[PDB]
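Protein chains in written order, with the entry's author numbering: chain G, 2 to 31, 59 to 166, 177 to 212, 220 to 728; chain C, 16 to 57, 89 to 143, 149 to 309, 314 to 447, 455 to 592, 619 to 629, 647 to 742; chain 3, 16 to 57, 89 to 143, 149 to 309, 314 to 447, 455 to 592, 619 to 629, 647 to 742. Here a beta-carbon is modelled for each residue, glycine too, at the ideal position from N, C-alpha and C. The structure appears below as structure tokens.
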Amino acid sequence: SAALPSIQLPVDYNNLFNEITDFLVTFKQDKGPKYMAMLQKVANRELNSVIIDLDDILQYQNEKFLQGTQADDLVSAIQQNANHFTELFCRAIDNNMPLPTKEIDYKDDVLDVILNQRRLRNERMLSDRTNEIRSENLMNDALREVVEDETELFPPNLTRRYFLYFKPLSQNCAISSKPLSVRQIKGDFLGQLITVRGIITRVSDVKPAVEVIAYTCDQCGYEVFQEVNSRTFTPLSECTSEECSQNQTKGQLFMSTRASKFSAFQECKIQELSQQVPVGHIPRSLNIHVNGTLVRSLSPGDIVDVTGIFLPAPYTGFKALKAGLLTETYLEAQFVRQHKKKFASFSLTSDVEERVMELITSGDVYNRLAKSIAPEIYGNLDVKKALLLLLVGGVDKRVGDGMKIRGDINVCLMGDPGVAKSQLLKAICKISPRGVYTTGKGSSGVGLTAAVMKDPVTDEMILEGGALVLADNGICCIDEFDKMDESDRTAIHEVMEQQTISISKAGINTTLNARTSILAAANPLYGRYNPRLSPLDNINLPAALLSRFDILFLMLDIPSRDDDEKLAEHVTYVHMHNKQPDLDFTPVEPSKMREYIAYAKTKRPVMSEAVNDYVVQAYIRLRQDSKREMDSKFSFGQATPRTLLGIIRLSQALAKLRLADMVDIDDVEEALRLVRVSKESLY
Amino acid sequence: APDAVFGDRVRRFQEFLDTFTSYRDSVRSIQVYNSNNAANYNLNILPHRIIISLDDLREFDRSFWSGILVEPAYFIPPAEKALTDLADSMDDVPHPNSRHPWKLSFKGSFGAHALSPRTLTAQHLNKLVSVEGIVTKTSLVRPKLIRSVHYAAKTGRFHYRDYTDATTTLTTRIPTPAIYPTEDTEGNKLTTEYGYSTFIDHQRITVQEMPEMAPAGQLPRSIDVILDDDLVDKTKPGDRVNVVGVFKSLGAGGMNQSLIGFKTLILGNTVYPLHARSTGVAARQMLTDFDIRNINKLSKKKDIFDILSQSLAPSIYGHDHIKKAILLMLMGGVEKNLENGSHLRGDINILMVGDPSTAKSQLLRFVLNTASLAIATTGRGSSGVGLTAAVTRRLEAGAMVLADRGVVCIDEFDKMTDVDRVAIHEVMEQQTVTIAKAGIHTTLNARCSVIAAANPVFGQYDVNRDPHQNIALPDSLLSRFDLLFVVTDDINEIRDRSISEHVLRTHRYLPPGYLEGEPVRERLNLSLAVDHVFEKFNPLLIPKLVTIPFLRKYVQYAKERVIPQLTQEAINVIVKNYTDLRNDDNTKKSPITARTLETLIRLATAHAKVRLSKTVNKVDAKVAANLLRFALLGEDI
Amino acid sequence: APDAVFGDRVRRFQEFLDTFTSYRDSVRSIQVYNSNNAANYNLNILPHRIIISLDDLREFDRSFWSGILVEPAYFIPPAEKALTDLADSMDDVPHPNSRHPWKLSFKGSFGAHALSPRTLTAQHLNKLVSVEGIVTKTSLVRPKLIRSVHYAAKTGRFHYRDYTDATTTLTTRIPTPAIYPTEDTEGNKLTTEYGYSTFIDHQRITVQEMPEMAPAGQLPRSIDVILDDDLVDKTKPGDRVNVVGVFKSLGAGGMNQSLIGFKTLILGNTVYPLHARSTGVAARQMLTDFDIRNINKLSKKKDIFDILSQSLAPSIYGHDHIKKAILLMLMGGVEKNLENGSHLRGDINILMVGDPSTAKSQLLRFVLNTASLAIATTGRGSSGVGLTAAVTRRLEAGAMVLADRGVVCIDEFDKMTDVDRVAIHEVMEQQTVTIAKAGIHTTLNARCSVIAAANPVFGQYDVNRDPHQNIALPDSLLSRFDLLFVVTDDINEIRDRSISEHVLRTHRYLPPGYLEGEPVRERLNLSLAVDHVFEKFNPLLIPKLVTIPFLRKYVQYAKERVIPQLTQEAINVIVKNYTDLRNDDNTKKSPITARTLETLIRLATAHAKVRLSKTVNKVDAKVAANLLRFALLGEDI
Ligand SMILES: Nc1ncnc2c1ncn2[C@@H]1O[C@H](COP(=O)(O)OP(=O)(O)O)[C@@H](O)[C@H]1O
Ligand SMILES: Nc1ncnc2c1ncn2[C@@H]1O[C@H](COP(=O)(O)OP(=O)(O)O)[C@@H](O)[C@H]1O
Ligand SMILES: Nc1ncnc2c1ncn2[C@@H]1O[C@H](COP(=O)(O)OP(=O)(O)O)[C@@H](O)[C@H]1O
Ligand SMILES: [Mg+2]
Ligand SMILES: [Mg+2]
Ligand SMILES: [Mg+2]
Ligand SMILES: [Zn+2]
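Below you can see the structure in the form of structure tokens.
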């Protein structure tokens, strides 16, 4: 009493639990209660994760206030101390857990049948205590209360199949959701539910982390469960059940992996964004502990708002540097919000649909989307059209022989200085959900490859991917393309043709998957275009690198009176007001462009005979025209079968932008037009 | 148990605090600030810390001063208790939702206790010492559990336990290794209540002797400093630092039978980041109302630009438009961050290609000395690893990352490798460094203005040849430089005698407090990163010249409190000048691209900032285009 | 560290103290008393202790009451802190020259915790128990050092150290064996400053089961009680005692590896000396203003003496002048202590020689029951060792030393040895016992009044013979007896029927709360040594008869607040009567000596005390001489 003194805190957990139960049972504003609908789904085993919205709790409290009832601030209590309310809400859900309307069959998970077995076993042991005491003949309330004193049942955490998470309350619908930098998360925020805004830099493999290790004793037939809380644990050697503890001949008990409780465990590393780091500082990282069904929701390169419980961990640094009870910290992730939704996770829900129709019905989708790509960049409309086609990409074809065709458009922008090639690269990086901006001859030599290291979390050798690997199923914007090393150039060649990187080096023999669309920006030989010199002469690209690019723009800066007047009005308007000059044309928001492009990428248009015949004729005419000029000062490198597949890819991308399933003549017309005007700036 | 000497010292320090009213004023201001944004939000909370001037303490009570300096463990706790008592006495209006211990920080003259990690020996132990050095290591800011709160569900009761270590107090306690309570006294299982437990930020930095004062060729000396709950994150690695703290000895040093010697470190009380040239610490300056009044008074003058232009480097003769460009770069434009995420540069880069001895390096050294934050580099003396970032699983900032929001003075720019040149290409326009190396994909901010000096191909700028052959630099690299000045050492009799009279007048200079034949002393100017406007010594003999400190104050004021907005009346001039420069055939020194429109815009914004104007008028655009036309052609219109 | 439950209990007991205003009144009275004689002398200082009625606590908060009774270590410290806080809150006027810890004492009904040393078992440990017993041993009142103050001459500074033991707190501490400081922290020799150090009185008494309730023939059970700083010297060996305290267990009981069982004792909170008949504890009684008013009202009556005489033993028929003498002895005279040192006796002795069954022993038993302090002895059942003191190197008080300032009722006085007779000779006139044995020369005070009963030589008082042959007692011994009454059982028909009707009326008596055939219960009347005047049951059927408790109150009031002074108008009567008695030849029952003058004086003073008069008037001397003449001759004038 004198030691371990008691303190008077304003938190009463009994009525807080009562409020939690009332909210779970009665809240229905989002036909019946939302949360019992969710628990009914969980009981029937269609759902294994319970997400408790703090907006729902806040709305429930507001409604209780409006009707006059005084309700404790459950939202603030959860935000201040979130670890206890996961525990509380789990107990409350267990109390109000509906019976399953679907019977256990052979297609259910082994965990589900194990939980059903132990639930039935504990109810049977309750009934067996009851029958035995009734036979002993010594009110049913007292009989029951004796039974739960003399039963060793499976605790509710062992008969539990769902995972509980706390979704932060929205800023518009409002502490736990305002984004914090890694620096702004001090020790005052420890123990609270907080949201950190950052970029993920390293994700470990999903490993089974034991939470309650189970053992079976062959002597008494008991199952002894030992909870695990730390990095390491000491296994039990002798049984600790009632029978063996009371007896003198103890039983030696063996592990039961199938009966143990495991958690899907990941240890991600979030990092400060460049806009969050102070002046002259290096960004610092934070450890995120992802558990349960939330795993595989974070990947390196993701810019995310991660909401979780900021919790302390035992010290892991040097012992001589420990001054007091120093503790490491991590973020027990509860919710993940992706700034750039991936194209693979696209679903045609109602709101996604309404937005897409409001984009289509406005008309001129192709030109609106192209002109909306970097709208302060002015007068590069064919450039923006080609970039939009690169974002959409063609249709990947796997022939039955096992052959694969790339399906992705590589675009090279060779141009004069000050033409916005680098500004167009960052625009594409911003638009793309998986976009990697690199500069040649910087530090990307290992970037255009993967490096083998050791995972600190899990004792394995894993090769972490670089620029060409992190931008997988995305876009790699390579600036200063003409200034890379030979190894990097060969890697780019392999990526642009086979979409793989074959590495055979000391310690590694692998074929990395790099399904990357390459957007290169280059400067012409001598840094400025010499129209006196041949185009191929001024292009410092091997006929084989040039061949790989589906489109090669020649962005030349020729002086003029009207064109320069119009660029200067645009740039000066952008400098006054942080927006583009045109009032008739409104740019598409980059989030709504990503949603349209995600929708468009789900279509796989095919080519009919009537369109592919023209495609063949155009290819023949292109080949003849290329043959007629091999060195006529306008030679772009003669046409190749790669130009046919680039024409095909551009036509398929244009068909996808129309949300069509037929590759029409208009799309092939526009593809040929884009290829032709890729090279008219020379004239 | 209460101590009579402790109470006597507490009341003596209370008398000291009553005598010097500035300390009640500071504590009252801190308390009202905390209460005001506590009630406002039901920004940041100021720490309960007071800077104490040791000179005032010596004036009041010399033994209390000597007791704090020599026996801090016996005099600092009583003084902190007196300050806490005083603060809780004035706390008539408590913050919404003794108590709140107030800590002390010290400043002033330390005498023999002002030391360095090399001169800090074992006879300074248990003394209040000020150590000047360089921060080489900063450990993670780790929470330290100082009070754990637990919940017993069976009794439904909240318990707590306080924890104490050897570094939290200046005096030595009896060690009490109280275990973490995993259960109640009577067997009830406890649940840790995070968010009600108390964690205190703790950092351990390493301060090493500064390279500018450490002996050459000798292994440097380091000292550990421990910071707690408000001094954490006050410095970064590479920062010059002055740490005031108690040089403590800890542990037993191998005497306790279970180390070679006793474990010694500094319990940091105060952290002052210092400003040294070519370091990553900016130069905060105190702007009194008189200084702001003078700044506004001079800004009202029409020729203030010229007044600021000539006062930059009076010692250098001529180079007047170069000085104008340097002043504009010191001001700089305003960067644009559009909603979609794009970035428009607001930093002005300057290149000076010229003949030997036209003072390009003296104009670089002056910018290094006078800029708020400037880093000096030489071509091939620093590589891209030394200019941009470097991977060590951790990143080490280079020359252009430490100089973020600053100036990079690159001498011998021509003698730079192409591997460095590509990184410089990225840094100048996009103002970022993308590493993407060894699994570290990071975009560091390098929003720095680059001023560089270079020599021609043959060592002498041949006026017969064209600039493109005399420079031998990539055209794409020369486009990034907003203003390229070609300076030629033309032998003309008028300027020959005028430059020689200037050089001799500058050499015939005496400081106010020096004799005719006294060697001028020179210190390293370790300014603290927190009286006349004009200059008495005028090498030119003429408009008035302002002192360099006042010019720095003016630049700081215009740079931090003026954000000019472009106007249509300036846009017309800017657009007309850009169109003419693009279309007119004049054999320009540098090419004309859309970057030229933006150097026009940036220079107009900088000149608007010079006049303290919030709008860029027509005159600003005209003078910006004038300087640009000089820089491109050599006109004097 | 503060405890939430401790503060909750403190505030609950503060609410209890606020509800019952008598406790602020008691604390305020104690504080004003202490301040008043503190300022008066720049008598005695009342202790900081409050009697708490457990019945009131049960009425207010039953769980607080049950917590104090069952878990005293957790509920008594908070209540004492609440009382101390309350006392320091009312202490607006501090005593001349929280603070001053106030202790608690408990009274009321304890229920199952009201025990005896035999029934006090190990399942009463750590409980607040009230134990009734007899004090058999009282250790020396030894000082205990609770704070030592030392002086360092080199520094000229005063240091101190506080000491704590296991018995000073109800809760268990961590043991801190702090050594006695023989030197300063830094090597300076310390000098102990006695008179500035704090010493607390400590006593350890042994309470044994009372002989009146202990089983016969069985070894008695004892319990140790520890008293601290105000309960010391509250009792003496042989006293009946009720000690309220916490039954504590101390030490380890042999578990701590370096006893057969744990060392158990009672930490005394309250000590009540109890009044039992034939014990050394007097009978303090509470005299309300109503009682004093009634006493004065009856004293104003002329026949109050008779009213007090008949109300003594209504059950005994007759023996009216014997009852008058017994009442006068209960009052007694006033002793004289002359300046030179001589002593004049003020105690009245009575002897009753008589035939079998004339109620001499019932008149002795009544005096034993009703006297303030009375010890009952029998001849040869107690020797001079049992009557006077006895050497054990220490002295044990006998029957007539314990009965100092009291009454000694000696039955069967004739069956007393001469060795006892000589000691009785000393005790009756000089009122002292001189031991002078085994190196112990001590003069104990035996200022007691002796009433004795005796039988004649032949068992029947022969009226034919003379008293000197019928008594067979030394004449010098009979002189000490102030009044010698010879009672004879004369068979006379009138008094035969009258005494038989009285004996039967007394036998036909029913208590107010009893049935016709219900056996009357009987307790041992353990009165606490701190509602009508007249009696409903009158065996005689007549003046009014007062109740025995009211008669005891009247005797106490007259005995403690009336000191009559002899007057000349009484002296004339006394001298005349003494001269006549000495010279007149009447064949007196007892001899006439100068002791007869003083029994006249003593009886006159006693009768003056009966009337509450401060001066002995002529009527008092006349009635004293009247009773004496009856006692010597049998006259009825
Ligand atoms: N057509 C244009 N529209 C808008 N801004 C332009 C245009 N052309 C060039 N710029 C400007 O030129 C500057 C430099 O362009 P950048 O993309 O860095 O050049 P490059 O791609 O040739 O390396 C940018 O700040 C950009 O705003
Ligand atoms: N125009 C000038 N006015 C004043 N001093 C000058 C001038 N040109 C050169 N000097 C002097 O020449 C010396 C060397 O100049 P420096 O800056 O080293 O030349 P460079 O730019 O060729 O490296 C310095 O002391 C400088 O003061
Ligand atoms: N005069 C009397 N009046 C009333 N009761 C008397 C009287 N004489 C004797 N008794 C009764 O006789 C009984 C024995 O008397 P006791 O005092 O024992 O006689 P003794 O003095 O001879 O020892 C008692 O119950 C007492 O009440
Ligand atoms: Mg570029
Ligand atoms: Mg130089
Ligand atoms: Mg008798
Ligand atoms: Zn077992």
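Collapsed DSSP secondary structure at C265 (chain G) in the structure displayed: Looking up residue 265 (chain G) in the first sequence gives position 220. It is coil, neither helix nor strand.
Using 7 Å as the limit for Cβ to Cβ distance, is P11 (chain G) near chain 3? Locating residue 11 (chain G) in the first sequence gives position 10, counting from the first residue. With 7 Å as the cut-off, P11 (chain G) does not count as an interface residue toward chain 3.
Please return the same chain residues whose Cβ sits closer than 8 Å to the Cβ of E263 (chain 3), not counting the five positions on each side in sequence. Position 212 of the third sequence, counted from the first residue, corresponds to residue 263 (chain 3). Here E263 (chain 3) has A331 and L586 as same chain residues with Cβ atoms under 8 Å from its own Cβ, once five neighbours each way along the sequence are excluded.
Considering Cα atoms alone, identify which of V667 (chain C), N239 (chain C) and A19 (chain C) is closest to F209 (chain 3). Taking the first residue of the third sequence as position 1, residue 209 (chain 3) is located at position 158. Looking at the Cα atoms, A19 (chain C) is the closest of the given residues.
What are the residues in the region 104-125 of chain 3 lying within 9 Å of chain G by C-beta distance? Only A119 and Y120 from the region 104-125 of chain 3 bring a Cβ to less than 9 Å from some Cβ of chain G.
Which same chain residues end up closer than 6 Å to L406 (chain 3) when comparing Cβ atoms and leaving out the 5 residues on each side of it in sequence? Reading the third sequence from its first residue, position 351 is the one you call residue 406 (chain 3). So the list reads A514, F543 and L546, once near-sequence residues are dropped.
Ligand 1 and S417 (chain G): does the residue's C-beta get closer than 6 Å to at least one heavy atom of that ligand? For the purposes of this step, residue 417 (chain G) is taken as the residue at position 372 of the first sequence. No, the beta carbon of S417 (chain G) sits no closer than 6 Å to any heavy atom of ligand 1.
What is the rounded straight-line gap between the Cα of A180 (chain G) and the Cα of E186 (chain G)? Residue 180 (chain G) sits at position 142 when you count from the first residue of the first sequence. Residue 186 (chain G) sits at position 148 when you count from the first residue of the first sequence. Rounded to the nearest whole angstrom, the CA to CA distance from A180 (chain G) to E186 (chain G) is 10 Å.
So, are the CB atoms of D410 (chain C) and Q269 (chain C) less than 7 Å apart? Locating residue 410 (chain C) in the second sequence gives position 355, where the first residue counts as 1. Locating residue 269 (chain C) in the second sequence gives position 218, where the first residue counts as 1. No, the pair does not count as a contact, with Cβ atoms beyond the cut-off.
If I follow the unbroken beta strand (DSSP E) through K158 (chain 3), where does it start and stop? Here residue 158 (chain 3) refers to the residue found at position 107 when the third sequence is read from its first residue. Where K158 (chain 3) is concerned, the enclosing beta strand (DSSP E) stretches over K154 to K158.
The beta strand (DSSP E) enclosing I315 (chain G), as first and last residue numbers: Here residue 315 (chain G) refers to the residue found at position 270 of the first sequence. Start and end: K306 to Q316.
Given the structure, does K415 (chain 3) come close to ligand 6, in the sense that its CB is under 6 Å from one of the ligand's heavy atoms? Position 360 of the third sequence, counted from the first residue, corresponds to residue 415 (chain 3). Because some heavy atom of ligand 6 lies under 6 Å away, the Cβ of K415 (chain 3) counts as near it: yes.
Give the straight-line distance between the Cα atoms of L650 (chain 3) and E623 (chain 3), rounded to the nearest whole angstrom. For this step, residue 650 (chain 3) is matched to residue 545 along the third sequence. For this step, residue 623 (chain 3) is matched to residue 535 along the third sequence. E623 (chain 3) has its alpha-carbon roughly 6 Å from the corresponding atom of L650 (chain 3).
At a cut-off of 6 Å, is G373 (chain 3) close to ligand 3 when judged by its beta-carbon and the heavy atoms of the ligand? For the purposes of this step, residue 373 (chain 3) is identified with residue 318 of the third sequence, where counting begins at 1. Yes; taking the cut-off as 6 Å, the Cβ of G373 (chain 3) has a heavy atom of ligand 3 nearer than that.
Beta-carbon neighbours of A16 (chain 3), restricted to chain C and to distances below 7 Å: Counted from its first residue, the third sequence places residue 16 (chain 3) at position 1. Under a criterion of Cβ atoms nearer than 7 Å, the residues of chain C adjacent to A16 (chain 3) are, in order, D213.
Select from the region 239-253 of chain C all residues with a C-beta closer than 9 Å to any C-beta belonging to chain G, and list them in chain order. For the region 239-253 of chain C, the beta-carbon criterion of a distance under 9 Å to any beta-carbon of chain G is satisfied by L241, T242, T243, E244, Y245, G246, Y247, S248, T249, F250, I251, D252 and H253.
Could you run through the region 678-694 of chain C and flag, in chain order, every residue whose CB is less than 8 Å away from some CB of chain G? Under the 8 Å Cβ criterion, the region 678-694 of chain C contributes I679, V680, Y683, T684, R687 and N688.
Given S416 (chain C) as reference, the closest of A431 (chain C), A426 (chain C), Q308 (chain C) and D402 (chain C) once Cα atoms are compared: Looking up residue 416 (chain C) in the second sequence gives position 361. With respect to the C-alpha of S416 (chain C), the residue from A431 (chain C), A426 (chain C), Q308 (chain C) and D402 (chain C) having the closest C-alpha is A431 (chain C).
First and last residue of the beta strand (DSSP E) that includes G739 (chain C)? Translated into positions along the second sequence, residue 739 (chain C) becomes position 634. Per DSSP, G739 (chain C) belongs to no beta strand (DSSP E) and is neither H nor E.
Confirm the yes/no value for this check: CB of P518 (chain 3), any heavy atom of ligand 3, distance under 6 Å. As a position in the third sequence, residue 518 (chain 3) is number 456, starting the count at 1. Not under cutoff, so the answer is no.
Should the region 430-446 of chain C be regarded as contacting the region 393-408 of chain C, the criterion being three or more beta carbon pairs within less than 8 Å? With a cut-off of 8 Å, the region 393-408 of chain C and the region 430-446 of chain C do not count as touching, because too few Cβ pairs lie within range.
Taking the beta strand (DSSP E) that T425 (chain 3) falls in, what are its first and last residues? By one-based count along the third sequence, residue 425 (chain 3) stands at place 370. In the DSSP assignment, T425 (chain 3) falls outside any beta strand (DSSP E) and within the unbroken alpha helix (DSSP H) covering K415 to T425.
What does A19 (chain 3) reach in chain G if we use C-beta pairs closer than 8 Å? Looking up residue 19 (chain 3) in the third sequence gives position 4. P6, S7, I8 and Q9, listed in chain order.
Mind listing the chain G neighbours of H487 (chain C)? Cutoff is C-beta to C-beta under 7 Å, in chain order. As a first step, residue 487 (chain C) is located in the second sequence; it is residue number 425 there, counting from the start. Chain G residues near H487 (chain C): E525.
Does the beta carbon of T698 (chain C) come closer than 7 Å to any beta carbon on chain G? Position 593 of the second sequence, counted from the first residue, corresponds to residue 698 (chain C). So, interface residue.
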